[PDB]
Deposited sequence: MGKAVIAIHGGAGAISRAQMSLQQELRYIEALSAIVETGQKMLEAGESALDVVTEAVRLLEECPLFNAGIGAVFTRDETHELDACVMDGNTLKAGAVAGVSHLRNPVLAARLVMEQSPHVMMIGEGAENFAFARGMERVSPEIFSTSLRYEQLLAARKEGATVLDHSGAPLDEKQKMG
């Protein structure tokens, strides 16, 4: 029994102490996931919680710390798949759901559908008690600066 996680690949400049924020984040999340597996938690709950924690963590391009669209908005995408049932749930283009991976899980668990998009996705979630949030909550200085840099 085992977990892996990622916080995105690309052109990774940096001091050790900068690097260690990413390392301590990754370490704490993989360890949370490790403890759940050891305690007999399901693979599906473990990957949901790890990705929920990676969403919450503003260092990573998912939930809080999402990149910006050309219109300086956030549009978030998530998927979760159960290799046992081959059930999957997915949301795309959602701006008002704090934890897209939880929305994805809801689509898997409390619809017969695999993928939901946009306001349809959001209304489905709201209808099952998931909270509405304003897209501003994902916004960070670092991703905005990267948007300005992408423009030139």
Stretches of the record's deposited sequence for which the structure holds no C-alpha atoms: 1-3, 16-18, 159-178
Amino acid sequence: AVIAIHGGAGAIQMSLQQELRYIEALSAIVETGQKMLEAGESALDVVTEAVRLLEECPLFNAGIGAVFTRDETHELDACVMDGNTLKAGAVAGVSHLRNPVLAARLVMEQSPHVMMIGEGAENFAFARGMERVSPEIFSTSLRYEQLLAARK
From here on, numbers count along this sequence of modelled residues.
Per the entry, higher mean C-alpha B factor between 47-55 and 34-42: 34-42
134-142 set against 21-29, stretch whose average Cα temperature factor tops the other in the entry: 134-142
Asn61, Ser95, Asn123, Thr69, ranked by C-alpha B-factor: the highest one: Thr69
